[PDB]
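To start, the structure under review is shown below, and the notes come after it.
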Ligand SMILES: [Fe+3]
């Protein structure tokens, strides 16, 4: 849009004040427009980036997401499967848990998942309990010995 | 390189130059930010890390890097993962992780997930109660007493 | 935002005080915009 | 680049009258020295040294639509400027070398033209020129010739000259500095604090034996022709009344008896005992403000002092 | 190339104030002759010949960021320089025509820019300019015009002029030479031995009828306006007191009786018998130091002589 | 946060409170003022303000701030003093009522390495650090565009002689100029608080707390603790030295700030604080305010 | 990697509220931005203070019957008419919210020279040199419909034989 | 025994803290170091006292779509912006503890002239003449990564037939 008034008057008058005023109004509108554009890019704007602008690194394998999707579609359209039985492929597919690391047995997978969740929630509860204890101590601190 | 929010208190050429440089810098910095965002949005390679972007299925939230690694792990397991005795695998999976053989795999999975959900909801109720007690002790305003 | 678009029309220190306050707001705003942008770029989760 | 002139009874500016100007150049003040050479001594005594005159020069040209009109325009210039009547000149500058801005050649957003056939680069309100400084000059004209270059363009070479005192008289008193009523007339050339009511803005003190003054003017206000004017409510009865001052001389008022509530208007080399009927026989000495701190010292805690003056520059 | 000015109450230098200078050129001293032509004789008598004035010239220009500011800057110049107040000018030079140094164009080791838009070639502390010599000049200003070349560049042509005596007054006395306390103010233009306390540095002698002095100044200190000032503890009682000197006249003090421990302050053409109540009726003759060896001869072995003076140059 | 009043100081000498520092393990305030000449007073007082005693450092410079270290119940004062108008010495000593001057009673610390320029120090006991403020000469300043620079270093290193200049940082002019002189410093948690003031009302005195690690500006607020808004006793308020009050127990750090108010020949030194939920309360409740009666 | 044909010239008379006028059949073209260094050198250094520019733009053309524009250029030269002109490069459109606009260089001045030439059985060409008032301004410009349709300039599309069409 | 292609040009705007910018597609090039002999000749001898140099460097180029640098040069010429430029000869590396650095000639000034030209169905080239403030400085300089990767400039590596690749 119209640029700011870089050069001001060299005498204090209504003109100098109006110059600073107009410059500040233009700055407010510029900042609001930029913040709106940023929120629109961050939340509402569709087809913002075209895939290739994204990183994807795993096991020291860096590559773009738009290339890795093509690689996966290729591997899938080249994947071969046999009618091993009445659910063998199905169970073999279920043997993973959301992060790769194919388990040797579905039972091992379920045990590992349940164990991870138990350890996580139990560690959470321990953190809760020690935080509550710390807060009660800090609040009701009555330690006349120190 | 940055603004001067410490203006001279004598109204001289110093002050006027400070104000002028200030507005010039604001314009320059703003147009630089706009161009930077545009470069980010259009041409910046590897603008975002893959862990960031969210992939929302039904009632499910996850990144794209995790999801892609999971797809790749699925492919790898289905291809080079040994298989066999699936019926025995299922009938053995029927048992839970404490030493009790359920009747069916779905019932076992349901019991396990319900146990976890109940434990988490109990923890959550304890957390909410603890937080509410802390608030009522901290921001206490009871002119009844 | 929150800028004073009605400056004192009088040759007094209130003018420079509100000018300095406006510039402090502008500086803080540009800085947090740059920080938010950097966060969105290479630190934010579910950007 | 307008060369404003405030005459006794009117205000004029040239570019309003179709008179562009090329520039304004203001000489410094012609220092007349007064040396005396001792007969056989390798060095000459300074009897004195003194500012005299600040000769201004302003070449201005003018374009018109037809050759005849030149005559009219020229006469207007003379009738408008060449005035033995001591005028007050004010200089004007621009803040930028303005250009034409971007437009669109789509049978729209065409360009403007001034009353004179020129391209109006002044699109917005904030384009046109400004009183570059809050001062003036007491000025008189000297001889001009009018070479007519081709067409309707003719040049002139105004040679103005200072009238009374070779100084940059600051417009507006020091009380308009005190009471921030009048707006304009205060440029950043004067290093003036914003703290109105604070020190180095105030020339209105109360109930003090001694106080402080910041004369923002680089040139010294020792000359009486300057509008240095003091007025004091004396606060306490007395028979004699001395007040001292730095960068100036001592002042007495002896031999006349006064009273507390009576006020003295102390004009330059002049003393109104009570506003009229001047009693100025007592210690004819005039005060002198040089620059910055001009500390005064009364002797019996006047209940009021206040004094307006004009700032002068070199 | 800074043109330092020490005024009565302050110190100023132009390049601090955004005022570059092109150069400084210092004329010699205008020799006013006094000849008389005999009527029919192929030759004219020299009545006298005498130095008068050392006219300095300094053209200085200035750049600013915008066209308006020119005005302010110009006014500053006038308010900063054009002073009838006798000032003390000190010249400055550079030791080298400095260039920009080698750097690396690797998004690093970029170049600096001054407050004015220029390239800072002064990378290290030892780059900037120096007081080229330990002397000054008593100086006053003469008229200037300000042609504005394009943009924000405007030139000025200062024309300074000597005030009292056309000489290169050396700053600092001869006692600062004696006591090596003050540092600076001693340039190699003065051929000064390092042997502090040795001969040709000392102006503080004891218990001597006759002694030796090396006046390092090429110009002669015969003029009283120079700060030649002697003070002597007479050592021995007497009724009369003569002392002779070479490159000068004989001096007597007859008709007044003195005492040994009493001291005489012998200022230029002036005699404090005991520091006040000047008894200067006796043989009004002033001493004159020309250059190099200025041998004095007292008559009764003063217990102390010491005298500070200022070195003057042509 | 907004500062909170604690106390006023009652030194029996009329001058400005150039700085102050309270001690945790003793509840005693040492306040430094600069007397006419290079000499300077430091008054040891109670928390309420009552006068215990004083010491006069002769030729001790302005004494803008001094570091107070505790080495196993032994109070060392690191200070800046010059002797015989030679140069600035950074010197250790012990408190003693009356008079002192550089000589046998005061021992320098590694003189050869930083007695080339004006230097002063503060002490942070939590990290056991000795933050050295070190001024610049005029010639170096011409290129640096700055007056002073702050070095971090460790007190054990200073003791056993080894020098380390980790975390050095210049200060731009605008934060130390004539209208914004230094007037106080204190380090805490990788953050250097720099409190400046103009000794003039409506020239807003405030602090400019920034970071030393990465050489940035963290924050910059305004301060009007002289009293009611733009109406202070006398005609001027002046900012003064800082202090970070720790505690041997309940390690709750608070930031104490000195202000000096009132007309020309009569001063009022007050201590405000920004606290950490109880620090200021305990500080003022150590001992009561003096009253004419019980 | 840029064919000059791409660049396009637009003209207009300042105090005329109409759309621009392309300049057809210009063979050569040139745009010189000279400078005069207002430099002042100390006796112990050197400095540049300012610069007075002498920009200008030169062009040729070929005088086809259809357009009378060359006559307008000539009238400008001899009558000293102010003319605003801009080269608007085709095939370089706007970036942000700008697609029909095209990169440009807009400048105003007076035509300080114009001169034609012609030989036997030869097209009659001419050469004009145009000043530039001060500094020019760059900025994305849109073209007028007229210039757009001219830009296409397709030639003798497929007709048919034996009287179907001329 | 030295092909010009080897020599490389780097530019940068002074008050900009960024890495240099190569100048692509320059056909010609020249670097003139004139001198003005401040000589004073006695009536019984001769002498040279000093010399005022008038160094400068000229170059052409070809205005490819990709880079907007020529626009920067032009903005300089018209706006009098100070630029620092150095030719850094490739294939002449450092000798002692210097391998990535390359011989160079560093100098700064203002672009005193710039002028393009263009003909029908022809690439649009231009010519710039750049002053030199005082004496230049020589010194082994390192290049920025960008310039290094550009220097390679391999062309249309082996692709494949029947749809494996474009
Ligand atoms: Fe994004």
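Residue numbers (the entry's author numbering), protein chains in the order written: chain A, 2 to 147; chain B, 3 to 147; chain C, 3 to 49; chain D, 1 to 314; chain E, 1 to 314; chain F, 148 to 441; chain G, 4 to 169; chain H, 4 to 169.
Cβ coordinates follow ideal geometry from the N, Cα and C atoms, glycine included.
Given residue i as reference, the closest of the options once Cα atoms are compared
i	options	result
residue 348(E)	154(E), 130(E), 131(E) and 159(E)	Since the first residue of chain E shown is 1 and the last is 314, residue 348(E) is not available in this structure.
residue 66(E)	116(E), 252(E) and 301(E)	116(E)
residue 202(E)	68(E), 164(E), 308(E) and 63(E)	308(E)
residue 60(E)	105(E), 52(E), 257(E) and 13(E)	13(E)
residue 317(D)	123(D), 106(D), 271(D) and 141(D)	What the structure shows of chain D is the stretch from 1 to 314, and residue 317(D) is not part of that stretch, so it cannot be assessed.
residue 163(D)	136(D), 185(D), 183(D) and 172(D)	136(D)
residue 121(D)	36(G), 113(G), 137(G) and 131(G)	137(G)
residue 119(D)	71(D), 209(D) and 101(D)	101(D)
residue 31(A)	3(A), 54(A), 113(A) and 98(A)	3(A)
residue 220(F)	200(F), 228(F), 178(F) and 242(F)	242(F)
residue 212(D)	15(D), 218(D), 199(D) and 220(D)	199(D)
residue 217(E)	15(E), 94(E) and 288(E)	288(E)
residue 117(G)	63(G), 166(G) and 108(G)	63(G)
Neighbourhood of residue i by C-beta, 8 Å cutoff - its chain only, sequence neighbours within 5 removed
i	result
residue 9(A)	17, 20 and 21
residue 67(H)	27 and 28
residue 104(A)	96, 97, 98, 110 and 113
residue 121(G)	127 and 128
Ligand 1 heavy atom lying under 7 Å from the CB of residue i
i	result
residue 11(B)	no
residue 415(F)	no
residue 43(B)	yes
residue 71(E)	no
residue 17(H)	no
residue 148(B)	What the structure shows of chain B is the stretch from 3 to 147, and residue 148(B) is not part of that stretch, so it cannot be assessed.
Extent of the continuous beta strand (DSSP E) run through residue i
i	result
residue 319(F)	315-319
residue 75(B)	Unbroken run through residue 75(B) is the alpha helix (DSSP H), 67-82; no beta strand (DSSP E).
residue 50(D)	44-62
residue 36(D)	25-37
Sequence-distant residues of the same chain with beta carbon closer than 7 Å to residue i, five excluded per side
i	result
residue 133(E)	91, 187 and 189
residue 257(E)	239
residue 23(A)	6
residue 102(G)	96
residue 99(D)	121
residue 265(D)	231, 272 and 275
N- and C-terminal bounds of the alpha helix (DSSP H) containing residue i
i	result
residue 39(C)	15-44
residue 115(B)	107-140
residue 74(D)	69-81
Same chain, Cβ closer than 6 Å to residue i, neighbours up to 5 away in sequence not counted
i	result
residue 57(E)	25 and 159
residue 206(E)	304
Identify every run of the beta strand (DSSP E) within the stretch 195-262 of chain D, keeping only runs that are complete inside it and at least 3 residues long; order them along the chain. 208-211, 229-233, 241-245 and 251-253
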